[PDB]
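These protein sequence lines map, in sequence, to chains A and B.
Numbering-wise, our numbering puts 974 at position 161 of the first sequence, and it's gapless, one number per residue.
Numbering-wise, our numbering puts 987 at position 174 of the second sequence, and it's gapless, one number per residue.
One structure is given below, encoded as structure tokens.
There are 2 protein chains.
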Amino acid sequence: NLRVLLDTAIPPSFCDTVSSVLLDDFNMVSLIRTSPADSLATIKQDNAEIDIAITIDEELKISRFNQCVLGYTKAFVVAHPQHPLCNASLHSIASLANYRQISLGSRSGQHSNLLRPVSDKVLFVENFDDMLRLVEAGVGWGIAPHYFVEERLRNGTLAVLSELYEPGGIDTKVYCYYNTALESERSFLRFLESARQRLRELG
Amino acid sequence: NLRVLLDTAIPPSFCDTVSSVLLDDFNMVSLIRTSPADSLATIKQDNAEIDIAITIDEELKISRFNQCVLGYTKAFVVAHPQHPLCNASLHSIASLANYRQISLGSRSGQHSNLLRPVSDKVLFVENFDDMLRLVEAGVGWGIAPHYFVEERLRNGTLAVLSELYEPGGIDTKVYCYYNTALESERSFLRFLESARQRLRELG
Ligand SMILES: CCCCCCCCCc1nc2cc(Cl)ccc2c(=O)n1N
Ligand SMILES: CCCCCCCCCc1nc2cc(Cl)ccc2c(=O)n1N
């Protein structure tokens, strides 16, 4: 039995590809969704018995696991279109360490450099919908995965503040943390290769 | 007079594009090359009077500067083809926190998470040629920019160990740190836009 974790920031399609590919060599698979803020924390608990994690988060050397990279995805910093920072931005790119960021809480309460909020004040939430309802309201601005936002974006419900920095969307790697037991295992080596190919292909 | 820093890991072509573009709106430009390990350290010194830095290194909030991203480039972890880790790798991907890494020294002696060496023991050097002569020797393995290695690679002088992790080369962002005085300045806003376009275009 193979327990694999997938954070809320991994696009579903990625999930399917991961999921479907796993199926090829694998017979029992449990899939857990976590906040990206809680993934590494989770794998770290020895008991939780995770075997694979698919995350946007980074920690280079983890106690029992090896990192490697599955693919790339995109985040956008979004705000309600009427937000002051919205529209004219270049200062805005600087000024948002000052505006309220709706950031992703962590049960640990600690964040990597990657996920720690840029701004104070911050108001923590537990997931992206939570984060987005707030930003649509919209009390603050947030960084969200592409998928959680595409639909909204086209409507004009939401605005992209994130363009000048990293135009075209913030490029974010998708790591794969896997228990070292798996390193020799051909099933896993096969899995990785397929998924990777499929993901590039989809790109 | 506009003083701009460019680290040794920025591909020369990037340099030209940066360089040439700057020329369009700019009349005096000094260009300084630094080790990527010394760039942020350098801009940080108030006296050094840098106005732009082009680096692969990250520090999200720097005292007088704003970050944003110009483009992407590629690093490879390379070793002499006879290196034990070479060829069969998957364990190797794990085992190289154990083999000697030829890493990039820092005058500060401190490294970001991005540049801090993966492995101990490490033997520090000051630049990529230094690093490469050693690895060709080859005493250790190193992470080098694409350009510094392409020529060597095709010969078979060098091997890529870096494939399973991040196949196709390790993707690394190229940041632009610019003094905040520049944020309003149209010359700079013009520069950024052009260079970015040229870089994507070259991609
Ligand atoms: C003016 C833009 C400042 C934002 C740059 C900070 C770099 C983003 C790091 C980050 N990436 C994410 C990616 C996803 Cl898919 C989801 C959430 C985040 C996130 O919260 N952060 N911080
Ligand atoms: C088995 C591969 C482990 C290497 C993954 C570590 C992530 C690389 C971070 C890094 N990137 C660089 C990029 C360039 Cl262009 C030049 C040097 C480096 C570098 O030294 N590190 N550490």
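Just so you know, even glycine gets a beta-carbon here, dropped at the ideal spot from N, CA and C.
Can you give the Cα-Cα distance for residue 916 of chain B and residue 873 of chain A, rounded to whole angstroms? As a working note, residue 916 of chain B is residue 103 in the second sequence. As a working note, residue 873 of chain A is residue 60 in the first sequence. Whole-angstrom Cα-Cα distance: 16 Å.
Under 8 Å between the Cβ atoms of residue 842 of chain A and residue 989 of chain A? In the first sequence, residue 842 of chain A corresponds to position 29, counting from 1. In the first sequence, residue 989 of chain A corresponds to position 176, counting from 1. Their beta carbons are not under 8 Å apart, which means residue 842 of chain A does not touch residue 989 of chain A by this criterion.
Go through the region 922-950 of chain A residue by residue and report every complete run of the alpha helix (DSSP H) that reaches 4 residues or more, in order. 941-950
When we look at the beta-carbon of residue 1009 of chain B and count the other beta-carbons within 10 Å, is it buried (16 or more) or exposed? As a position in the second sequence, residue 1009 of chain B is number 196, starting the count at 1. The residue is buried, with at least 16 neighbouring Cβ atoms inside 10 Å.
In terms of residues, what are the limits of the alpha helix (DSSP H) holding residue 828 of chain A? On the first sequence, residue 828 of chain A is found 15 positions in, with the first residue counted as 1. Unbroken alpha helix (DSSP H) run through residue 828 of chain A: 825-838.
Residues of the region 874-906 of chain B in Cβ contact with chain A at a cutoff of 9 Å, in chain order, please. 874, 879, 880, 881, 882, 885, 903, 904 and 906
Looking at chain A, is there any beta carbon in it that lies within less than 8 Å of the beta carbon of residue 980 of chain B? Taking the second sequence and counting its residues from 1, the one referred to as residue 980 of chain B is at position 167. Closer than 8 Å: yes.
Name the chain A residues that come within less than 8 Å of residue 934 of chain B, Cβ to Cβ? Position 121 of the second sequence holds residue 934 of chain B. By Cβ distance, chain A contributes nothing, its closest Cβ being about 15 Å from residue 934 of chain B, past 8 Å.
Using the DSSP secondary-structure output, state which residues sit across from residue 818 of chain A in a beta bridge. By 1-based counting over the first sequence, the position of residue 818 of chain A is 5. Paired residues: A:845 and A:866.
How far does the alpha helix (DSSP H) with residue 992 of chain B in it reach, from first residue to last? Position 179 of the second sequence, counting from 1, holds the residue named residue 992 of chain B. Segment 983-992 is the beta strand (DSSP E) holding residue 992 of chain B; no alpha helix (DSSP H) there.
Around the Cβ of residue 972 of chain B, are there at least 16 other Cβ atoms within 10 angstroms (buried) or fewer (exposed)? Counting from 1 along the second sequence, the entry for residue 972 of chain B is found at position 159. Buried, since its Cβ has 16 or more Cβ neighbours within 10 Å.
Should residue 975 of chain A be listed as close to ligand 1, given that the test is whether its C-beta is under 7 Å from any heavy atom? Looking up residue 975 of chain A in the first sequence gives position 162. Yes, since a heavy atom of ligand 1 falls inside the 7 Å radius drawn around the Cβ of residue 975 of chain A.
Based on the DSSP output, what are the partners of residue 914 of chain A in its beta bridges? Residue numbering aside, residue 914 of chain A sits at position 101 when the first sequence is read from its first letter. A:935 and A:954, per the DSSP bridge assignment.
Across the region 947-962 of chain B and the region 909-923 of chain B, are there enough close Cβ pairs to call them in contact, namely three or more that are closer than 8 Å? yes
Would you call residue 904 of chain B buried or exposed, if buried means 16 or more other Cβ atoms sit within 10 Å of its Cβ? Taking the second sequence and counting its residues from 1, one reaches residue 904 of chain B at position 91. Residue 904 of chain B comes out exposed.
Give the secondary structure of residue 898 of chain A by DSSP, where H, G and I count as helix, E and B as strand, and everything else as coil. Counted from its first residue, the first sequence places residue 898 of chain A at position 85. Looking at residue 898 of chain A - three-state DSSP - the assignment turns out to be coil, as it is neither helix nor strand.
Buried or exposed for residue 836 of chain A, going by 16 or more other Cβ atoms inside 10 Å? Reading the first sequence from its first residue, position 23 is the one you call residue 836 of chain A. With fewer than 16 Cβ atoms within 10 Å of its Cβ, residue 836 of chain A is classed as exposed.
Considering only DSSP beta bridges, list what residue 960 of chain B is partnered with. Locating residue 960 of chain B in the second sequence gives position 147, counting from the first residue. Looking at the DSSP assignment, residue 960 of chain B forms no beta bridge with any residue, so it has no partner.
In terms of residue numbering, what span does the beta strand (DSSP E) encompassing residue 886 of chain A cover? Numbered from its first residue, the first sequence carries residue 886 of chain A at position 73. Per DSSP, residue 886 of chain A belongs to the beta strand (DSSP E) from 882-892.
Which stretch, first to last residue, makes up the alpha helix (DSSP H) that contains residue 1042 of chain A? Only positions 814 to 1016 of chain A appear in the structure, and residue 1042 of chain A is not among them; the question remains open.
By Cβ distance, which residues of its chain are closer than 6 Å to residue 810 of chain A, with the 5 residues on each side in sequence left out? One cannot answer for residue 810 of chain A here, as it falls past the ends of chain A, which runs 814 to 1016.
Cutoff 8 Å: residue 984 of chain A Cβ touching any chain B Cβ: The count along the first sequence starts at 1 and reaches residue 984 of chain A at position 171. It does; some Cβ of chain B falls within 8 Å.
For the alpha helix (DSSP H) containing residue 1000 of chain A, list its first residue and its last residue. If you number the first sequence from 1, residue 1000 of chain A lands on position 187. Residue 1000 of chain A -> alpha helix (DSSP H) spans 999-1015.
State the start and end residues of the unbroken alpha helix (DSSP H) segment that holds residue 907 of chain B. The residue given as residue 907 of chain B occupies position 94 in the second sequence. Counting along the chain, the alpha helix (DSSP H) containing residue 907 of chain B begins and ends at 903-908.
Is residue 912 of chain A near ligand 2, in the sense that its beta carbon is under 7 Å from a heavy atom of that ligand? Residue 912 of chain A sits at position 99 when you count from the first residue of the first sequence. Residue 912 of chain A: no, Cβ never under 7 Å from ligand 2.
Short of 8 Å in beta carbon distance, which residues of its chain neighbour residue 995 of chain A, apart from the five on each side in sequence? Order them along the chain. By 1-based counting over the first sequence, the position of residue 995 of chain A is 182. Around residue 995 of chain A: 864, 865 and 1001.
Look at the alpha carbon of residue 937 of chain A and the alpha carbon of residue 942 of chain B, and state the distance between them as a whole number of angstroms. Here residue 937 of chain A is taken as the residue at index 124 of the first sequence, counted from 1. Here residue 942 of chain B is taken as the residue at index 129 of the second sequence, counted from 1. Rounded to whole angstroms, residue 937 of chain A to residue 942 of chain B spans 47 Å at the Cα level.
Does the distance between the C-beta of residue 936 of chain A and the nearest non-hydrogen atom of ligand 1 fall short of 7 Å? Reading the first sequence from its first residue, position 123 is the one you call residue 936 of chain A. Answer for residue 936 of chain A: no, Cβ out of range of ligand 1.
Figure out for me which residue from A:850, A:825 and A:824 has the closest Cα to the Cα of residue 924 of chain A. Along the first sequence, read from residue 1 onward, the residue named residue 924 of chain A stands at position 111. When each option's Cα is compared against that of residue 924 of chain A, the closest is A:850.
Just to check, is the beta-carbon of residue 822 of chain A closer than 7 Å to a non-hydrogen atom of ligand 2? Walking along the first sequence from the start, residue 822 of chain A turns up at place 9. For ligand 2, not one heavy atom lies less than 7 Å from the Cβ of residue 822 of chain A.
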